[PDB]
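# Structure assessment
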Amino acid sequence: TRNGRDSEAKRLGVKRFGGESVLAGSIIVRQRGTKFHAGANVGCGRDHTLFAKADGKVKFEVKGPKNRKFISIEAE
Amino acid sequence: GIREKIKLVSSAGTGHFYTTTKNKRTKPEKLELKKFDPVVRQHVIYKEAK
Amino acid sequence: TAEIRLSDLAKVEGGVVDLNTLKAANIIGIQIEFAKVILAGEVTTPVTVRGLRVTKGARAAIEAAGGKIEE
Amino acid sequence: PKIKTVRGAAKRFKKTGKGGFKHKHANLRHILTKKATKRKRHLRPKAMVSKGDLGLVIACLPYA
Amino acid sequence: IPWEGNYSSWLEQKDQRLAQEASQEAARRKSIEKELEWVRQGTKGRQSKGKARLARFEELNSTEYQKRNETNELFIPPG
RNA sequence: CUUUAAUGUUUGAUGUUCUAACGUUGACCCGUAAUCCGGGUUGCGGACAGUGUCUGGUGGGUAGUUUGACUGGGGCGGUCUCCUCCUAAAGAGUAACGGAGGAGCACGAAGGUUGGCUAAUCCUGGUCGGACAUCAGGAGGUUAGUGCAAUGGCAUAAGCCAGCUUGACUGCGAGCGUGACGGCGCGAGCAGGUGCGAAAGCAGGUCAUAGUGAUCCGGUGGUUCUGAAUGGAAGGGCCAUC
RNA sequence: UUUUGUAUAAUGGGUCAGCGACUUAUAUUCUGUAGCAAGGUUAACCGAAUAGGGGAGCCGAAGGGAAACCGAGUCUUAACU
Ligand SMILES: [Mg+2]
Ligand SMILES: [Mg+2]
Ligand SMILES: [Mg+2]
Ligand SMILES: [Mg+2]
Ligand SMILES: [Mg+2]
Ligand SMILES: [Mg+2]
Ligand SMILES: [Mg+2]
Ligand SMILES: [Mg+2]
Ligand SMILES: [Mg+2]
Ligand SMILES: [Mg+2]
Ligand SMILES: [Mg+2]
Ligand SMILES: [Mg+2]
Ligand SMILES: [Mg+2]
Ligand SMILES: [Mg+2]
Ligand SMILES: [Mg+2]
Ligand SMILES: [Mg+2]
Ligand SMILES: [Mg+2]
Ligand SMILES: [Mg+2]
Ligand SMILES: [Mg+2]
Ligand SMILES: [Mg+2]
Ligand SMILES: [Mg+2]
Ligand SMILES: [Mg+2]
Ligand SMILES: [Mg+2]
């Protein structure tokens, strides 16, 4: 045979779901492209990782003219 | 690997250097950049060397 | 090098504290050349530390108890 | 007889105040041009042996 | 190659050296192709095939620097 | 001082000659009643041969050993690390000698900022010009493009152009993700200096995920940290690095 | 007994009686118990010699740092919120 090799899993995906009370700087979702976008009180690393900028509950919304998924953090 | 390792010596007279790579074929010129020298805590021009 | 507890200063002799006065009280080894007096216990007697390297914090305790430090 | 200590493992671990051991990070001996400074700078300080490897080191150093 | 003498003798020395290197390169090619024809053979049972011989053949590709430069033709376009 | 030239002058090489070391498995005498051994006259070789130490070459004559794993039995063939997709059962993870492809780099700008711009394809008309080259206007609405595979993403563009520069900075780091560990990754903010921008701000490399190798042993530059009686030094240690 | 799995047609044993296999120094860590307790304890040796001396030493009460060094703080750092 000729094929038969793969690559190790990268363990992406949302880490803090809706309603989590997160701490400051905690990773919210790992992703390859930009599936979810950065909203209020969140940032975006070079890996397009979305990290909490301030502690509080997470909120998922579909705001935008192109119907894009945003991640924001309430101050609770 | 055609790029060879080169070091950016510090012209401030102190012994401090960065280290990068450079294609000596396409660019035979001598690099120089203004970088930071922690020894002196000032931005000085660094010139390449072996 | 060794460390001298502050409470060890009450077991030495009639008050003079040098290297030899500590090796007689079995507080440091017989090959020790330098020693330090650190703030670890409590000193009551007016001890006179002759030649040692007492710390800043322990120096205040020795003088506050009535002693005096020199070199 | 007295237990011989693993002399090789006594040149890489020091016994700290509470009873843990400290060691020096790896990956910082050569090939230092590719590595990012953020990665290099994090490796400079010392570290503490993890709970998994603590049982293995205590065996090697019976006296320290 | 520090050579003692004059130009006339050194010229002959250089030509003889070049001829010797050409002969040695031809002999090396002969050996390489013969060991290749051995490598392409089969195993013929539960026999060795000689891992040491395989390694010694793979070592025999030390590469040769063609004399190069050696310009002997120039192009002057027709007018 | 500058090119040589001569006899003295120590040696170095070379060759020839000699005897006294040395060899004699040549002859003769004695110990002796003995083709051993020793001693003595002589002949012949003779500083050669031979032996000791050091050293280069040759050396299966001899000795010690090694000659991987997976594997629908073993051998033969194929594979061994990293990246992307499916199998993977809508969190993560998940095997097979299961199905398809890539990597062992590149870039001193292809990075950072401040301005600015928006593709494919088709129709009509137009010098050599055409099925397709440049031009003009209509449709089209990203079917386009990314430094290199695939997937996710990209119009505020991450795609294209120009100006100025070196943040492809130094010391740190709240807090998280992922690993049995070694380790790997993300990160606001603080201090020092810097670039762009009028400023708000952005910049601790590149749209992201491959482009890689622990320890030991050494090499290079800095550092009174130590320096075996003391003062140095050697050698270590620490930082950068091969 | 060995195994996923044995009435297994897989192993061992003809039967009785006798023998037959986790021991003994040293060192180190943890638990129980006993004695002293910021102290505890001696080794060799002396000794009318299981008593009594001998405190050389060992562990503990202070840690940080590669080290000099500092010390309830220390290291990193030009300096650390
Ligand atoms: Mg004593
Ligand atoms: Mg180093
Ligand atoms: Mg014979
Ligand atoms: Mg043999
Ligand atoms: Mg053997
Ligand atoms: Mg096998
Ligand atoms: Mg088979
Ligand atoms: Mg899944
Ligand atoms: Mg499982
Ligand atoms: Mg780019
Ligand atoms: Mg722009
Ligand atoms: Mg760009
Ligand atoms: Mg890319
Ligand atoms: Mg000295
Ligand atoms: Mg040194
Ligand atoms: Mg079976
Ligand atoms: Mg049954
Ligand atoms: Mg039967
Ligand atoms: Mg049976
Ligand atoms: Mg059997
Ligand atoms: Mg039987
Ligand atoms: Mg007794
Ligand atoms: Mg300590």
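Reading the values: rules and limits
- Residues are labelled from 1 along each chain in written sequence order, independent of how the entry numbers them, and those without coordinates are excluded.
- Here every chain gets a letter starting at A, and every ligand a number starting at 1, in the order they are written.
- The displayed chains are a subset of a larger assembly; all values refer to this subset.
- The side-chain values count all of the structure's non-hydrogen atoms but skip hydrogen atoms and water molecules.
- UniProt positions are given in the numbering used here, feature names are shortened, and annotations may be inferred rather than shown by experiment.
- Runs of H or I in DSSP of at least four residues are treated as helices and runs of E of at least two as strands, each being numbered from the N terminus.
- It is over C-alpha atoms that the radius of gyration is taken, and the globule rule equals 2.2 Å times the number of residues to the power 0.38.
- A 1.4 Å probe rolled over the protein chains alone gives each residue an accessible area, and that area as a share of the maximum for its type sets the label: buried under 20%, exposed over 50%, partly exposed in between.
- Only heavy atoms matter for contacts: two residues are in contact if any of them lie within 4.5 Å across the pair.
- Computed by Shrake-Rupley with a 1.4 Å probe, the accessible areas treat only the displayed protein chains as cover when residues are assessed.
- Note on definitions. A residue lies near a molecule or strand when any single heavy atom of the residue is within 4 Å of it.
- Here a polar contact means two N or O atoms within 3.5 Å. Within protein one must be a hydrogen donor candidate and the other an acceptor candidate, and residues neighboring in sequence count only if both atoms are side-chain atoms.
- Under the convention adopted here, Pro, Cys and the residues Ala, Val, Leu, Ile, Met, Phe, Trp and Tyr are nonpolar, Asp, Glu, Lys and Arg are charged, and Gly plus all remaining residues are polar.
- Any carboxyl oxygen of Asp or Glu within 4 Å of a side-chain nitrogen of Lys or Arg constitutes a salt bridge here.
- Grouping buried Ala, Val, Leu, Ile, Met, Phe, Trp, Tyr and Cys residues that are joined through side-chain atoms within 4.5 Å yields what is termed a nonpolar core.
- When DSSP locates at least two bridges between a pair of strands, those strands are taken to pair.

- As named in the PDB entry, chain E is Energy-dependent translational throttle protein EttA, taken from Escherichia coli.
- This entry carries the title "E. coli initiation complex with EQ2-EttA in Hydrolytic 1 conformation".

- Per the PDB entry, chain D goes by Large ribosomal subunit protein bL35 and derives from Escherichia coli.
- Taken verbatim from the UniProt record of chain D, the Sequence similarities comment is "Belongs to the bacterial ribosomal protein bL35 family."

## Structural notes on the overall build of chain D
- Scanning chain D from N- to C-terminus turns up 3 helices and 3 strands.
- Ordered by position from N to C terminus, the α and β elements of chain D give α-β-β-α-β-α.
- A globule of 64 residues ought to have a C-alpha radius of gyration of about 11 Å, yet chain D, at 15 Å, is considerably larger.
- Across the 64 residues that make up chain D, the buried fraction comes to 17%.
- Looking at chain D alone, contacts between residues at least 24 apart form 54% of all its contacts between residues at least 6 apart.
- Summed over its atoms, the accessible surface of chain D is roughly 5500 Å², and 59% of this surface lies on carbon and sulfur atoms.

## Notes on the protein's contact with RNA strand G
- The full set close to RNA strand G counts 20 residues, and C:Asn26, C:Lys36, C:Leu39, D:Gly17 and D:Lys22 are the nearest of them.
- Sugar and phosphate atoms constitute 55% of the interface atoms of RNA strand G, taking the interface as everything within 4 Å of the protein.
- Between C:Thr55 and RNA strand G, the recorded distance is 3.1 Å, taken from a side-chain N or O atom to a phosphate oxygen.
- The contact in question runs from a phosphate oxygen of RNA strand G to an N or O atom on the backbone of D:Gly17, over 2.9 Å.
- In the surface near RNA strand G, the residues fall into 6 nonpolar, 5 polar and 9 charged.

## Remarks on the pattern of salt bridges
- Scanning the model with the defined rule gives 13 salt bridges over all chains in all.
- Measuring nitrogen to oxygen at the nearest pair gives 3.8 Å for the salt bridge that ties A:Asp47 to A:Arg46.
- Overall, the relative accessible area of 35% leaves A:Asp47 in the partly exposed class.
- Among the ionic pairs, C:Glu70 bridges to C:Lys68, the shortest N-O distance being 3.5 Å.
- You can call C:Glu70 partly exposed: its relative accessible area is 29%.
- Within this structure, C:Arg50, C:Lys68 and C:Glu70 form a network of salt bridges that share partners.

## Things to note about the nonpolar core
- In terms of nonpolar packing, the biggest core is built from 20 residues, with C:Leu9, C:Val17, C:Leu22, C:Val37, C:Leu52 and C:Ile62 touching the most fellow members.
- Within the residue set of this core, elements represented by two or more residues are β1 (2-4), α1 (19-24), β3 (35-37) and α2 (56-64) of chain C.
- When neighbours within four sequence positions are excluded, C:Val17 is seen to be in contact with C:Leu9, C:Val12, C:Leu22, C:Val47, C:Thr48, C:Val49, C:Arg50, C:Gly51 and C:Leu52.
- Within the second largest apolar cluster, 10 residues are counted, among which are A:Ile28, A:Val29, A:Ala52 and A:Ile71.

## Some points on the pairing of strand β6 (residues 56-61) of chain A
- Pairing of strand β2 (residues 21-22) of chain A with β6(A) involves 2 bridges; the strand directions are antiparallel. Bridging across to β6(A), A:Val22 finds its partner in A:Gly56.

## Quick word on the protein's contact with RNA strand F
- The full set close to RNA strand F counts 71 residues, and A:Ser7, A:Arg68, B:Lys27, D:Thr33 and D:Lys38 are the nearest of them.
- Protein-proximal atoms of RNA strand F, defined as those within 4 Å of the protein, fall in sugar or phosphate at a share of 70%.
- Interatomic distance of 3.3 Å between a backbone N/O atom of D:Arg29 and a base nitrogen of RNA strand F.
- One of the side-chain N or O atoms of D:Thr37 is found 3.4 Å from a phosphate oxygen in RNA strand F.
- Elements with a minimum of two residues in the surface near RNA strand F: β3 (27-30) of chain A, β2 (17-22) and β3 (32-37) of chain B together with α2 (37-43) of chain D.
- In terms of residues, the surface near RNA strand F owes the most to one element, α2(D), which gives 7 residues.
- For the surface near RNA strand F, the class distribution of residues is 17 nonpolar, 24 polar and 30 charged.

## Looking at helix α3 (residues 51-60) of chain D
- Among the 10 residues of α3(D), 1 are classified as buried, and the element is accordingly described as predominantly exposed.
- The N-terminus of α3(D) is capped by D:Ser50, whose side-chain oxygen sits 3.3 Å from the backbone nitrogen of D:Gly52.

## A look at the sheet that holds strand β7 (residues 70-73) of chain A
- As summarised here, the arrangement of the 4 strands in space is β2-β6-β7-β4 (chain A), forming an open sheet in which the pairing is mixed. Each edge of the open sheet carries a strand with a single partner, namely β2 and β4 (37-38) of chain A.

## Overview of the sheet that holds strand β5 (residues 68-69) of chain C
Residue and element names in this part refer to chain C.
- Overall, parallel pairing links the 3 strands, which are arranged β2-β4-β5 in an open sheet. One side of each edge strand has no neighbouring strand; the edge strands of this open sheet are β2 (16-17) and β5.
- Two elements, strand β4 (residues 48-49) and β5, share 2 bridges in a ladder whose sense is parallel. The residue bridging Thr48 from the neighbouring strand is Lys68, located in β5.

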